[PDB]
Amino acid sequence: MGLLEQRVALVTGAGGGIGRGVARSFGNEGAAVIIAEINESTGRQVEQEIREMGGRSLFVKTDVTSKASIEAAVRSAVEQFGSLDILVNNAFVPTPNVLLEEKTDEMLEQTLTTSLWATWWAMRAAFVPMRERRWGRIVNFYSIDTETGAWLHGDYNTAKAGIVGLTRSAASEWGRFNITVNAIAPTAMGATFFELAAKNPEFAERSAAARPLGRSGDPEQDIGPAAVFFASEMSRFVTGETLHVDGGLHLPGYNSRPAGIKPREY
């Protein structure tokens, strides 16, 4: 049997990258998948892809910077498929890669909204049907950058670290309802990867060689199954955890100092 049969999942930002890989992976395991995506073109594409592969899916245009929009997508999951068993908080909006003192307050506010507030709003909305059914899986996304303090990502590192604190808090409190809450730090060939690869011909080589498994991540084949684990009965005794799904990159780390910045100015 598929690992997610008779379950309903909502994946934010599922039109592309890791969210698309997770949504397709979920569809192949029997889940009804809500594609909660702001891009109507790519959201409907993934909806149709899951259906063509024999799965159940529904695109709901969703802007995770709006609490009302998130609540409406959660209501659609429950109304159209009968439950919302699985929540994946994946959507991401980049800010310019600039040094910390060059980041603006507007960048930090935008990143807090699209990462942290989006996760807060979706978790609290999904909590209601999960609590009623005494079964839930919440899969949040953070980043290895929160642990390395990666250069140029100061606002992102701050918001995604906040997501870890929220993950642990909900895991602690909501386990009494058989709702588990965990966070994945993935790396994969998503939109950022292809942007970096287009600008630097040696980027992909160095990125693959940077990690113990010596290769870059595929969203569906490499990240998908880890989300399935955390969305299924297989992780029924796991809550409050962080897991790196990154080819082992978390072991060596990576030095992200930009080329034009001297290591020592004192």
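Start at 1 with the first residue shown and count on from there.
Peer 1: Which has the higher mean CA temperature factor in the PDB entry, 170 to 178 or 184 to 192?
Peer 2: The stretch with the larger mean CA B-factor is 184 to 192.
Peer 1: Averaged over C-alpha atoms, is the B-factor higher for 144 to 152 or for 108 to 116 in this PDB entry?
Peer 2: On average, C-alpha B-factors are higher across 108 to 116.
Peer 1: Looking at 231, 208, 223, 31, which has the biggest Cα B factor in the entry?
Peer 2: Within the set 231, 208, 223, 31, 208 shows the top C-alpha B-factor.
Peer 1: Going by the CA temperature factor in the entry, name the top one among 238, 204, 227, 213.
Peer 2: The C-alpha B-factor peaks, among 238, 204, 227, 213, at 204.
Peer 1: When the deposited Cα B-factors of this chain's modelled residues are ordered and cut into thirds, is residue 80 in the lowest, the middle or the highest one?
Peer 2: Its C-alpha B-factor belongs to the highest third of this chain's values.
Peer 1: Would you check the entry's CA temperature factor for residue 122 and let me know if it's in the chain's lowest, middle or highest third?
Peer 2: Its C-alpha B-factor belongs to the middle third of this chain's values.
Peer 1: Going by the CA temperature factor in the PDB record, which third of the chain does residue 251 belong to: lowest, middle or highest?
Peer 2: Residue 251: CA B-factor falls in the lowest third of its chain.
Peer 1: Among the modelled residues of its chain, does the C-alpha B-factor of residue 18 lie in the lowest, middle or highest third?
Peer 2: Highest third - that is where residue 18 ends up once the chain's C-alpha B-factors are sorted.
Peer 1: Sorting the chain's CA B-factors, does residue 161 end up in the lowest, middle or highest third?
Peer 2: Lowest third, going by the recorded CA B-factors of the chain.
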